Amino acid sequence: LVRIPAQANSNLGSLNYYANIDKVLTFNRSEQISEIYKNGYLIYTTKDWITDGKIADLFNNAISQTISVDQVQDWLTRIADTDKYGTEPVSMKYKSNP
Amino acid sequence: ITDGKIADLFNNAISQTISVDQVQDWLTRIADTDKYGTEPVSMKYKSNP
Amino acid sequence: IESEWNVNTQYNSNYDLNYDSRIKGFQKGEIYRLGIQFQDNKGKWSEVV
Amino acid sequence: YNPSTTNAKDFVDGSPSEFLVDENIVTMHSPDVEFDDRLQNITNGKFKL
Amino acid sequence: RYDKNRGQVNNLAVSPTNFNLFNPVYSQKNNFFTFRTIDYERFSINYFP
Amino acid sequence: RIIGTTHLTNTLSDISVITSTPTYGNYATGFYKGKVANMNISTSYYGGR
Amino acid sequence: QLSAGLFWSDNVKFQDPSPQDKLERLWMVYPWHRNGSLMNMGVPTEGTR
């Protein structure tokens with residue numbers, strides 16, 4: 001732990017600093033940011049299956065060829081609610097040098 | 001939890017609190033074994049000189 | 001004036017090892033047997049009075 | 001957040017696992033700190049940037 | 001006290017093995033140069049013919 | 001003989017919870033860590049807590 | 001840098017399961033990824049993910 005001293009012209013107190021983080025991140029689900037996040041964070045996949053084995057090109061254009069699982073209009077009823085919203089934690093762990 | 005405001009609910013634990021049995025909506029939906037605790041408590045600690 | 005310590009922090013350890021050994025004091029209710037020495041022109045300390 | 005609408009706790013509860021960058025507080029990475037062990041023990045050093 | 005588990009909010013794994021390790025050497029007096037009283041009328045010789 | 005008092009101002013507290021089995025709710029949050037007493041010396045009103 | 005990308009390729013977990021299909025989607029993989037299946041799945045009804 002490193003307590004960064006108080007910074008002038010600021011009513012805040014002394015700041016504390018960690019660079020060795022051992023954290024678990026949990027997503028609380030609510031609808032004060034968007035109505036859909038009451039079920040969980042969306043899972044993002046491709047707009048279409050692999051066409052003719054051109055996986056490399058599809059990987060390169062991940063910005064465009066991408067869409068969430070729920071928004072796939074063909075999968076509106078073929079996927080259960082538990083297999084289209086992710087509500088599991090994330091393990092955040094790393095260390096730093098001097 | 002109303003709208004994800006878990007922090008505010010945690011802060012006001014003095015007021016927003018009630019025993020399981022006294023919940024008038026749960027008078028018949030919970031078994032007697034899941035509303036009364038009858039298990040021991042493990043108390044263990046040490047002290048310095 | 002110890003400017004290192006302020007009330008704008010969670011914890012400030014009053015560290016007195018950066019100074020000399022004159023940080024020592026005297027307990028308020030204690031009895032101390034006192035004395036006084038004298039130095040010659042050479043630096044030789046006399047006995048205690 | 002707008003203070004007239006929501007509190008700080010309520011606003012953060014919408015995404016408490018969200019991170020923000022901070023260029024106001026930085027981390028200088030010099031070779032001397034890693035290699036010279038004398039710079040790894042600095043405590044509240046008065047220097048200018 | 002030469003351990004670094006001082007003034008930290010965590011204090012979860014502290015113990016007598018980690019929290020209050022101590023280096024006695026710093027609690028040293030002015031033992032090297034010590035003096036004592038001398039009796040005036042006592043006869044201790046100072047002549048060596 | 002009682003000679004004085006101690007000016008408590010803050011308290012550094014922490015909590016950790018580990019469960020052998022998973023949560024009951026398949027989508028439950030589980031252990032939630034709230035804000036308790038981790039305040040500066042300036043907020044001395046809430047001392048000894 | 002290499003932050004996120006379509007580093008996974010698996011079939012889809014349909015309500016009517018068809019792992020026998022040789023078709024493949026690609027799934028996004030983040031640095032700090034979900035503590036579960038890389039592809040769309042969660043809370044299995046029979047065992048492990």
# chains A, B, ... in the order shown; residues from 1 in each chain; ligands from 1
$ residues_around --residues "stretch 10-18 of chain B" --least-positions-apart "5" --cutoff "9 Å" --atoms "only C-alpha atoms" --output "compact mmCIF listing (two decimals) with C-alpha atoms, in the first residue's frame"
# COMPACT_ATOMS: atom_id res chain seq x y z
CA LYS B 5 -29.22 0.16 -5.67
CA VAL B 23 -42.44 -11.37 5.97
CA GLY F 34 -19.82 -2.36 1.58
CA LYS F 35 -18.30 0.87 2.86
CA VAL F 36 -17.67 0.87 6.63
$ residues_around --residues "residue G:41" --least-positions-apart "4" --cutoff "12 Å" --atoms "only C-alpha atoms" --output "list in words"
residues 42, 43, 69, 79, 80, 81, 82, 83, 84, 85, 86, 87 and 88 of chain A; 10, 11, 12, 13, 14, 15, 17, 27, 34, 35, 36, 37, 45, 48 and 49 of chain G
$ closest_atom_pairs --of "chain D" --to "chain A" --cutoff "12 Å" --atoms "only C-alpha atoms" --output "JSON lines"
{"residue": "D:6", "atom": "CA", "partner": "A:32", "partner_atom": "CA", "distance": 10.7}
{"residue": "D:10", "atom": "CA", "partner": "A:32", "partner_atom": "CA", "distance": 9.5}
{"residue": "D:11", "atom": "CA", "partner": "A:32", "partner_atom": "CA", "distance": 8.6}
{"residue": "D:12", "atom": "CA", "partner": "A:32", "partner_atom": "CA", "distance": 10.5}
{"residue": "D:13", "atom": "CA", "partner": "A:28", "partner_atom": "CA", "distance": 7.6}
{"residue": "D:14", "atom": "CA", "partner": "A:32", "partner_atom": "CA", "distance": 6.3}
{"residue": "D:15", "atom": "CA", "partner": "A:27", "partner_atom": "CA", "distance": 7.0}
{"residue": "D:16", "atom": "CA", "partner": "A:27", "partner_atom": "CA", "distance": 7.5}
{"residue": "D:17", "atom": "CA", "partner": "A:25", "partner_atom": "CA", "distance": 5.9}
{"residue": "D:18", "atom": "CA", "partner": "A:25", "partner_atom": "CA", "distance": 9.2}
{"residue": "D:19", "atom": "CA", "partner": "A:25", "partner_atom": "CA", "distance": 10.8}
{"residue": "D:24", "atom": "CA", "partner": "A:7", "partner_atom": "CA", "distance": 10.6}
{"residue": "D:25", "atom": "CA", "partner": "A:4", "partner_atom": "CA", "distance": 9.4}
{"residue": "D:26", "atom": "CA", "partner": "A:17", "partner_atom": "CA", "distance": 10.8}
{"residue": "D:27", "atom": "CA", "partner": "A:98", "partner_atom": "CA", "distance": 10.1}
{"residue": "D:28", "atom": "CA", "partner": "A:98", "partner_atom": "CA", "distance": 9.9}
{"residue": "D:29", "atom": "CA", "partner": "A:98", "partner_atom": "CA", "distance": 8.2}
{"residue": "D:30", "atom": "CA", "partner": "A:98", "partner_atom": "CA", "distance": 9.4}
{"residue": "D:31", "atom": "CA", "partner": "A:98", "partner_atom": "CA", "distance": 9.8}
{"residue": "D:32", "atom": "CA", "partner": "A:98", "partner_atom": "CA", "distance": 10.1}
{"residue": "D:33", "atom": "CA", "partner": "A:98", "partner_atom": "CA", "distance": 6.6}
{"residue": "D:34", "atom": "CA", "partner": "A:98", "partner_atom": "CA", "distance": 5.8}
{"residue": "D:35", "atom": "CA", "partner": "A:98", "partner_atom": "CA", "distance": 9.4}
{"residue": "D:36", "atom": "CA", "partner": "A:98", "partner_atom": "CA", "distance": 10.5}
{"residue": "D:37", "atom": "CA", "partner": "A:98", "partner_atom": "CA", "distance": 9.6}
{"residue": "D:38", "atom": "CA", "partner": "A:98", "partner_atom": "CA", "distance": 11.6}
{"residue": "D:39", "atom": "CA", "partner": "A:98", "partner_atom": "CA", "distance": 9.4}
{"residue": "D:40", "atom": "CA", "partner": "A:98", "partner_atom": "CA", "distance": 6.7}
{"residue": "D:41", "atom": "CA", "partner": "A:98", "partner_atom": "CA", "distance": 9.9}
{"residue": "D:42", "atom": "CA", "partner": "A:2", "partner_atom": "CA", "distance": 11.0}
{"residue": "D:43", "atom": "CA", "partner": "A:2", "partner_atom": "CA", "distance": 9.1}
{"residue": "D:44", "atom": "CA", "partner": "A:5", "partner_atom": "CA", "distance": 7.6}
{"residue": "D:45", "atom": "CA", "partner": "A:5", "partner_atom": "CA", "distance": 10.5}
{"residue": "D:46", "atom": "CA", "partner": "A:5", "partner_atom": "CA", "distance": 11.2}
$ write_last_selection --atoms "C-alpha atoms" --output "PDB file, in the first residue's frame"
ATOM      1  CA  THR D   6     -29.093  10.883  -8.526  1.00  0.00           C
ATOM      2  CA  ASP D  10     -26.925   5.231  -6.818  1.00  0.00           C
ATOM      3  CA  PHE D  11     -25.108   6.420  -9.943  1.00  0.00           C
ATOM      4  CA  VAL D  12     -22.176   4.067  -9.341  1.00  0.00           C
ATOM      5  CA  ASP D  13     -24.505   1.136  -8.608  1.00  0.00           C
ATOM      6  CA  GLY D  14     -25.482   1.097 -12.286  1.00  0.00           C
ATOM      7  CA  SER D  15     -22.013  -0.263 -13.086  1.00  0.00           C
ATOM      8  CA  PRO D  16     -19.864  -0.582  -9.934  1.00  0.00           C
ATOM      9  CA  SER D  17     -17.368  -2.807 -11.788  1.00  0.00           C
ATOM     10  CA  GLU D  18     -16.668   0.003 -14.277  1.00  0.00           C
ATOM     11  CA  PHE D  19     -13.169   1.477 -14.475  1.00  0.00           C
ATOM     12  CA  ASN D  24      -4.244  13.092 -13.033  1.00  0.00           C
ATOM     13  CA  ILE D  25      -2.410  10.348 -11.094  1.00  0.00           C
ATOM     14  CA  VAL D  26       0.456   8.723 -12.983  1.00  0.00           C
ATOM     15  CA  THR D  27       3.141   6.052 -12.509  1.00  0.00           C
ATOM     16  CA  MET D  28       6.661   6.953 -13.637  1.00  0.00           C
ATOM     17  CA  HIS D  29       8.669   3.924 -14.816  1.00  0.00           C
ATOM     18  CA  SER D  30      12.419   4.624 -14.861  1.00  0.00           C
ATOM     19  CA  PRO D  31      15.246   2.065 -15.147  1.00  0.00           C
ATOM     20  CA  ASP D  32      16.959   3.440 -12.040  1.00  0.00           C
ATOM     21  CA  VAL D  33      13.994   2.523  -9.832  1.00  0.00           C
ATOM     22  CA  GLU D  34      14.056  -1.075 -11.058  1.00  0.00           C
ATOM     23  CA  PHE D  35      17.847  -1.498 -11.038  1.00  0.00           C
ATOM     24  CA  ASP D  36      19.054   0.893  -8.305  1.00  0.00           C
ATOM     25  CA  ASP D  37      17.613  -0.332  -5.003  1.00  0.00           C
ATOM     26  CA  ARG D  38      18.127   3.080  -3.365  1.00  0.00           C
ATOM     27  CA  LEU D  39      15.228   4.631  -5.316  1.00  0.00           C
ATOM     28  CA  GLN D  40      12.738   1.906  -4.318  1.00  0.00           C
ATOM     29  CA  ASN D  41      12.661   3.167  -0.699  1.00  0.00           C
ATOM     30  CA  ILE D  42      11.682   6.808  -1.302  1.00  0.00           C
ATOM     31  CA  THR D  43       8.890   7.984   1.011  1.00  0.00           C
ATOM     32  CA  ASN D  44       7.227  11.354   0.349  1.00  0.00           C
ATOM     33  CA  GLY D  45      10.087  12.868  -1.624  1.00  0.00           C
ATOM     34  CA  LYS D  46       9.822  16.538  -2.569  1.00  0.00           C
TER      35      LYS D  46
END
$ residues_around --residues "stretch 32-49 of chain E" --least-positions-apart "6" --cutoff "8 Å" --atoms "only C-alpha atoms" --output "ChimeraX atom specification"
/C:47-49
$ residues_around --residues "stretch 56-67 of chain A" --least-positions-apart "2" --cutoff "8 Å" --atoms "only C-alpha atoms" --output "PyMOL selection string"
(chain A and resi 44-48+50+54+69+71-72) or (chain G and resi 5-6)
$ write_last_selection --atoms "N, CA, C and O atoms" --output "short mmCIF file (atom, residue, chain, number, x, y, z; two decimals), in the first residue's frame"
data_model
loop_
_atom_site.label_atom_id
_atom_site.label_comp_id
_atom_site.auth_asym_id
_atom_site.auth_seq_id
_atom_site.Cartn_x
_atom_site.Cartn_y
_atom_site.Cartn_z
N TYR A 44 -21.30 -11.44 -27.37
CA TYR A 44 -21.14 -10.96 -28.73
C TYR A 44 -20.54 -12.05 -29.61
O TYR A 44 -19.54 -12.68 -29.24
N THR A 45 -21.15 -12.26 -30.77
CA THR A 45 -20.71 -13.27 -31.73
C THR A 45 -20.77 -12.65 -33.12
O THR A 45 -21.01 -11.46 -33.29
N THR A 46 -20.55 -13.49 -34.13
CA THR A 46 -20.53 -13.02 -35.51
C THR A 46 -21.94 -12.90 -36.06
O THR A 46 -22.89 -13.52 -35.57
N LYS A 47 -22.08 -12.08 -37.11
CA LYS A 47 -23.37 -11.92 -37.76
C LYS A 47 -23.80 -13.19 -38.48
O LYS A 47 -25.01 -13.44 -38.63
N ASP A 48 -22.85 -14.00 -38.94
CA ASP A 48 -23.16 -15.19 -39.72
C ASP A 48 -22.09 -16.24 -39.47
O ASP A 48 -21.00 -15.94 -38.98
N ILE A 50 -19.28 -19.22 -40.44
CA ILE A 50 -18.13 -19.20 -41.34
C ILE A 50 -18.60 -19.63 -42.72
O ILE A 50 -19.18 -20.71 -42.88
N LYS A 54 -13.16 -19.09 -44.63
CA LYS A 54 -12.38 -17.85 -44.55
C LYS A 54 -12.50 -17.27 -43.14
O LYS A 54 -13.06 -16.20 -42.90
N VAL A 69 -25.86 -12.04 -29.23
CA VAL A 69 -26.60 -13.28 -29.45
C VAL A 69 -28.10 -13.00 -29.51
O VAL A 69 -28.81 -13.54 -30.37
N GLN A 71 -29.73 -10.29 -30.38
CA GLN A 71 -30.16 -9.53 -31.55
C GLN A 71 -30.20 -10.35 -32.83
O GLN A 71 -30.71 -9.86 -33.84
N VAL A 72 -29.68 -11.58 -32.81
CA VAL A 72 -29.78 -12.45 -33.99
C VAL A 72 -31.26 -12.78 -34.19
O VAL A 72 -31.85 -13.52 -33.39
N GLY G 5 -10.59 -9.83 -29.33
CA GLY G 5 -10.69 -10.39 -30.66
C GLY G 5 -11.49 -11.67 -30.64
O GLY G 5 -11.86 -12.18 -29.57
N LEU G 6 -11.75 -12.19 -31.83
CA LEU G 6 -12.53 -13.41 -32.00
C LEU G 6 -11.60 -14.62 -31.95
O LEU G 6 -11.34 -15.31 -32.94
#
$ interface_residues --of "chain C" --to "chain F" --cutoff "10 Å" --atoms "only C-alpha atoms" --output "list in words"
residues 6, 7, 8, 9, 10, 11 and 12 of chain C
$ write_last_selection --atoms "N, CA and C atoms" --output "PDB file, in the first residue's frame"
ATOM      1  N   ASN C   6      -0.653  14.789   9.179  1.00  0.00           N
ATOM      2  CA  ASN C   6      -1.824  15.622   8.956  1.00  0.00           C
ATOM      3  C   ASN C   6      -3.071  14.798   9.236  1.00  0.00           C
ATOM      4  N   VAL C   7      -4.203  15.491   9.371  1.00  0.00           N
ATOM      5  CA  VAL C   7      -5.479  14.838   9.649  1.00  0.00           C
ATOM      6  C   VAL C   7      -6.232  14.565   8.352  1.00  0.00           C
ATOM      7  N   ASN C   8      -5.542  14.657   7.213  1.00  0.00           N
ATOM      8  CA  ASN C   8      -6.130  14.377   5.909  1.00  0.00           C
ATOM      9  C   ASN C   8      -5.760  12.988   5.401  1.00  0.00           C
ATOM     10  N   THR C   9      -5.510  12.045   6.308  1.00  0.00           N
ATOM     11  CA  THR C   9      -5.083  10.708   5.922  1.00  0.00           C
ATOM     12  C   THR C   9      -5.626   9.696   6.918  1.00  0.00           C
ATOM     13  N   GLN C  10      -5.737   8.449   6.454  1.00  0.00           N
ATOM     14  CA  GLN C  10      -6.302   7.391   7.283  1.00  0.00           C
ATOM     15  C   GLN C  10      -5.378   7.013   8.432  1.00  0.00           C
ATOM     16  N   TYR C  11      -4.065   7.099   8.224  1.00  0.00           N
ATOM     17  CA  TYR C  11      -3.101   6.639   9.215  1.00  0.00           C
ATOM     18  C   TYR C  11      -1.772   7.327   8.957  1.00  0.00           C
ATOM     19  N   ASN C  12      -1.196   7.913  10.005  1.00  0.00           N
ATOM     20  CA  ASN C  12       0.125   8.531   9.941  1.00  0.00           C
ATOM     21  C   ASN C  12       0.947   8.024  11.119  1.00  0.00           C
TER      22      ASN C  12
END
$ closest_atom_pairs --of "chain B" --to "chain A" --cutoff "9 Å" --atoms "only C-alpha atoms" --output "tab-separated table"
residue	atom	partner	partner_atom	distance
B:2	CA	A:30	CA	8.7
B:3	CA	A:30	CA	5.5
B:4	CA	A:30	CA	5.0
B:5	CA	A:30	CA	8.5
B:6	CA	A:28	CA	8.6
